[PDB]
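As structure tokens, the structure follows; a few thoughts come after it.
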Amino acid sequence: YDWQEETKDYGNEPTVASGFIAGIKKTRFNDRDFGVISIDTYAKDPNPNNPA
Amino acid sequence: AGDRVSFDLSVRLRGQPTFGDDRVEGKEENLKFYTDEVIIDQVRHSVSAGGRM
């Protein structure tokens, strides 16, 4: 992470800003996945009181 | 060497300060100046304790 600090106004409002520069992708050779099986079931909220 | 002399006067500051936490950068005062000059010249005169007689 590249931490940077910048003061906006004569010392008022210090700012801390950071960010990473990276990329992600699930490996797809041809048109088929390579190493993940997406098990896709039915999972109901066991507690119906949740606002959702 | 000079036919003139110019001097300067710096007036006070007058500006509403920024109360609160609103930004102040960008509202800077002018520092108004005033000046005037004096022009130099010479004056001479002569008196004659005249006559040999």
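Residue names in the structure tokens use chain letters A, B, ... in the order shown, residue numbers from 1 in each chain, and ligand numbers from 1 in the order shown.
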Output as JSON lines one row per residue of chain A within 9 Å of chain B: the closest atom pair and its distance in Å to one decimal place, counting only C-alpha atoms, sorted by chain and residue number ascending.
```
{"residue": "A:9", "atom": "CA", "partner": "B:25", "partner_atom": "CA", "distance": 6.4}
{"residue": "A:10", "atom": "CA", "partner": "B:25", "partner_atom": "CA", "distance": 7.3}
{"residue": "A:12", "atom": "CA", "partner": "B:21", "partner_atom": "CA", "distance": 8.2}
```
Go ahead and save the picked residues with N, CA and C atoms, as a PDB file, in the first residue's frame.
```pdb
ATOM      1  N   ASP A   9      -5.621  22.544   3.745  1.00  0.00           N
ATOM      2  CA  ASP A   9      -5.773  23.991   3.896  1.00  0.00           C
ATOM      3  C   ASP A   9      -4.914  24.502   5.048  1.00  0.00           C
ATOM      4  N   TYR A  10      -3.717  24.988   4.723  1.00  0.00           N
ATOM      5  CA  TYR A  10      -2.843  25.684   5.665  1.00  0.00           C
ATOM      6  C   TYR A  10      -2.585  24.884   6.934  1.00  0.00           C
ATOM      7  N   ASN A  12      -5.121  22.899   8.175  1.00  0.00           N
ATOM      8  CA  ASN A  12      -6.441  22.391   8.507  1.00  0.00           C
ATOM      9  C   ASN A  12      -6.754  21.154   7.677  1.00  0.00           C
TER      10      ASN A  12
END
```
Would you please give, as a ChimeraX atom specification, all residues of chain A that DSSP assigns to strand (DSSP E or B) based on the backbone? /A:4-9,12-17,28-29,32-33
Save out the residues we just selected, C-alpha atoms, as a PDB file, in the first residue's frame.
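The new file selection-v3.pdb reads:
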```
ATOM      1  CA  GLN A   4       0.298   9.411   1.295  1.00  0.00           C
ATOM      2  CA  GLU A   5      -0.554  12.355   3.538  1.00  0.00           C
ATOM      3  CA  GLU A   6      -1.742  15.722   2.247  1.00  0.00           C
ATOM      4  CA  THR A   7      -2.809  18.817   4.188  1.00  0.00           C
ATOM      5  CA  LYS A   8      -5.760  20.458   2.476  1.00  0.00           C
ATOM      6  CA  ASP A   9      -5.773  23.991   3.896  1.00  0.00           C
ATOM      7  CA  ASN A  12      -6.441  22.391   8.507  1.00  0.00           C
ATOM      8  CA  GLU A  13      -7.983  19.036   7.605  1.00  0.00           C
ATOM      9  CA  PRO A  14      -5.073  16.593   7.364  1.00  0.00           C
ATOM     10  CA  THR A  15      -5.777  13.877   4.813  1.00  0.00           C
ATOM     11  CA  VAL A  16      -4.488  10.307   4.722  1.00  0.00           C
ATOM     12  CA  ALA A  17      -4.901   8.571   1.369  1.00  0.00           C
ATOM     13  CA  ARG A  28     -10.204 -19.038 -17.733  1.00  0.00           C
ATOM     14  CA  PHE A  29      -8.489 -21.121 -20.401  1.00  0.00           C
ATOM     15  CA  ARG A  32     -13.964 -23.089 -19.125  1.00  0.00           C
ATOM     16  CA  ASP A  33     -12.785 -22.470 -15.576  1.00  0.00           C
TER      17      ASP A  33
END
```
Can you pull out every residue within 12 Å of residue 20 (chain A), counting only C-alpha atoms, but drop anything in the same chain fewer than 2 positions away, and send it as JSON, numbers by chain? {"A": [1, 2, 3, 4, 17, 18, 22, 23]}
For the selection you just gave me, I'd like the residues written to a file as a short mmCIF file (atom, residue, chain, number, x, y, z; two decimals), in the first residue's frame, keeping C-alpha atoms.
```cif
data_model
loop_
_atom_site.label_atom_id
_atom_site.label_comp_id
_atom_site.auth_asym_id
_atom_site.auth_seq_id
_atom_site.Cartn_x
_atom_site.Cartn_y
_atom_site.Cartn_z
CA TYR A 1 0.00 0.00 0.00
CA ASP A 2 1.26 3.47 -0.91
CA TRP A 3 0.43 5.69 2.05
CA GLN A 4 0.30 9.41 1.29
CA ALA A 17 -4.90 8.57 1.37
CA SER A 18 -3.56 5.23 0.21
CA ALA A 22 -3.07 -4.64 -8.55
CA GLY A 23 -5.30 -6.73 -10.77
#
```
Straight-line distance linking CA of residue 14 (chain B) with CA of residue 29 (chain B), stated in Å to one decimal: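 Going from CA of residue 14 (chain B) over to CA of residue 29 (chain B), I get 8.0 Å.
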